[PDB]
Amino acid sequence: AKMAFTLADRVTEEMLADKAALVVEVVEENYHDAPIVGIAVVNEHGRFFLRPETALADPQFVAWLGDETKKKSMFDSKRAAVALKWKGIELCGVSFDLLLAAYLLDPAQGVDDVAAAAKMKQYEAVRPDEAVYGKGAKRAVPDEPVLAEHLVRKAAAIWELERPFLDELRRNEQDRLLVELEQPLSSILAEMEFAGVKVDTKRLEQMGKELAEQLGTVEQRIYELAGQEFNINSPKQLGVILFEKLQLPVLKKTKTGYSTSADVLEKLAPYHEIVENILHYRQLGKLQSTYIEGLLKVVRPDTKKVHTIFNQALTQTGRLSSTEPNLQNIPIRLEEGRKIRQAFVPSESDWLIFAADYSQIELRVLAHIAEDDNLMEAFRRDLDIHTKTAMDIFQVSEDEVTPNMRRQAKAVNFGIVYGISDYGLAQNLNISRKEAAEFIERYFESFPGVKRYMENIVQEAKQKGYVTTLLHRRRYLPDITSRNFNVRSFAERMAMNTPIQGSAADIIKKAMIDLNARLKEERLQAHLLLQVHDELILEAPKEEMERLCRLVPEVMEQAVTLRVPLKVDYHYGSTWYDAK
DNA sequence: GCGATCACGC
DNA sequence: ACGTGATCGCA
Ligand SMILES: OC[C@H]1O[C@@](CO)(O[C@H]2O[C@H](CO)[C@@H](O)[C@H](O)[C@H]2O)[C@@H](O)[C@@H]1O
């Protein structure tokens, strides 16, 4: 049964009521400088569809959009806000975002359209976007009557569902998490994405050219050492060269054949000179394909900026993710890849990049949640936590901790945060399951509060059905009750890890909100460009560095109050590389 | 188009 | 743990 609405030819006052469900539809997945294909408004006066060329040229409509006192309920308001920013139009007054609400209620539903959210509350009078638009090469905006009905049904769904979603959030003690954390964050992310990050494309191109030359040289050395040309990027053609023509040992298998992962190759290197060259080839090829070529493909040729999209409603722990480009995995560990960061530069003359990162926030969060006396004391002393962990688990003085001991203790600390298992620690350290289990036992002997936490959190997940973070983010773990050991064990590790990873996410999100407020209060021109889980990257005039050196770490350190201090390191420089 | 594999970040 | 995405190769 069709849904009634006015297919409007002009904007009227009744469309500009002080509460409405608003749809500002951007069908392109990447909404940067993208078309708005249609607008729907549902409010106390009825249901309306507006052509965007009409609405967005209308001064009254534009003023309504930008009026903070005119409240709008939406789904994925960031998409609309950014698309409107590209058109020089400010969207304000978004009081409810159904995407974020659905995400907080259950991130596992993978809600990514209104229909999916609606189905959570048995509301089915709206089509999935994929049904309307199609996907891939077949994707298209449909004719107006079909488009208009869809946008109106989405607006109608939002109008109906706001209350039951808010009611459930309130029951879960998550309504503040939506209204005071995620919704304000969405506006901040919209700003960051719209600002973009300036790229030194000539530098990337120069690196591209040098990598191409190095790739050619290593490629040829590989064919030489193999006495044969083949496709090095096929883990199957490669597996044949290595494990058949050259007869190398099969140390590890995949599901469909031989492993050629770097950890395996590193083990095979002593047998044949080809292996180190395959590794080198892989390193260079990663830089060339993913970073150089990948960045260059998405840089805007006019402004030479990249404009990531931070997916705020994807990860199961409350982290953001970043796409097109992913600016959360730019290399740093290896110097060769780290130089990619030299191409990320400030957007204005005489500005600098300022980067601030939490030091060991996940382990500090663990100390807090677990109330582990030893771990808390370690952070209260600002100890090197890996050296301290080695001291405790290997029962030596600080002076007796060797580099290998620190390395193994560090791995244990990661294992503990990730949700410890002897098999997984064993794989990481290239040791036996029994040896890994002894390490873990020693760790829990030294950190008995952490042990009690890991036990208790798994029991709580079983009892309640979910675990929660500091600011009341939730993750359901139905597999915690599985009688399949492997399935259950993965859920147990999620129980252990999610409050840690997710509370750290909560903290940095709050820090972003607090920081933006302080930046505005101080009228600094500095602004956020990126978040990389435990770090914030800003740019600012060079004249603001001294103020940022004090302000940014303070705001980040004070975002929450834990049983241990939070510590933030910071650096600045003329490129992201130099902000070290 | 999509799954397997691999490698980059935290 | 939690992510994105490149290439291959088989649809
Ligand atoms: O706008 C981001 C928001 O949209 C969703 C779908 O609702 O993801 C879409 O947009 C992403 C960014 O372009 C794409 O990566 C994704 O493939 C696309 O579905 C949400 O997941 C996201 O929060």
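Note on naming: letters A, B, ... go to the chains in the order of the sequence lines (proteins, then strands), and numbering restarts at 1 for each one.
- Residue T254(A) has a polar side-chain atom (N or O) positioned under 4.0 Å from OP1 or OP2 of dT5(B).
- Phosphate proximity of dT5(B) to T256(A): present, with a side-chain N or O under 4.0 Å from OP1 or OP2.
- Taken residue by residue, residues 482-499 of chain A places heavy atoms nearer than 4.0 Å to DNA chain C at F490(A), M494(A), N497(A).
- Taking side-chain N and O atoms only, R333(A) has no distance below 4.0 Å to OP1 or OP2 of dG9(B).
- Looking at residues 449-467 of chain A, you'll see that no heavy atom sits under 4.0 Å from any atom of DNA chain B.
- For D534(A), the side-chain atoms get nearest to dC10(B) when compared with the rest of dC10(B), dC2(B), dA7(B).
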*Apply side-chain contact (heavy atoms from CB on, under 4.5 Å) to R203(A) and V345(A), showing your working.*
CA-CA 11 Å; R203(A) 186 159 210 101; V345(A) 300; over 6 Å; no
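- Shown here is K304(A), whose NZ atom has more than 12 heavy atoms of other residues, nucleotides or ligands within 6.0 Å.
- Here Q316(A) lies in heavy-atom contact (under 4.0 Å) with sugar-phosphate atoms only.
- Each of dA1(C), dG5(C), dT4(C) was ranked by its minimum atom distance to the side chain of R319(A); first place goes to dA1(C).
- Annotation: proximity of residues 228-249 of chain A to DNA chain C (heavy atom, distance under 4.0 Å) is found for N231(A), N233(A), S234(A), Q237(A), numbered in ascending order.
- Rounded to an integer number of Å, the gap from CG of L287(A) to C1' of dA6(C) is 13 Å.
- Ranking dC8(B), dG5(C), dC6(B) by closeness to the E324(A) side chain, first place goes to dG5(C).
- Going by the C1'-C2'-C3'-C4' torsion, the sugar of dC2(C) sits on the north side, since that angle is positive.
- Remark: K305(A) NZ is packed, more than 12 non-hydrogen atoms of other residues, nucleotides or ligands lying under 6.0 Å away.
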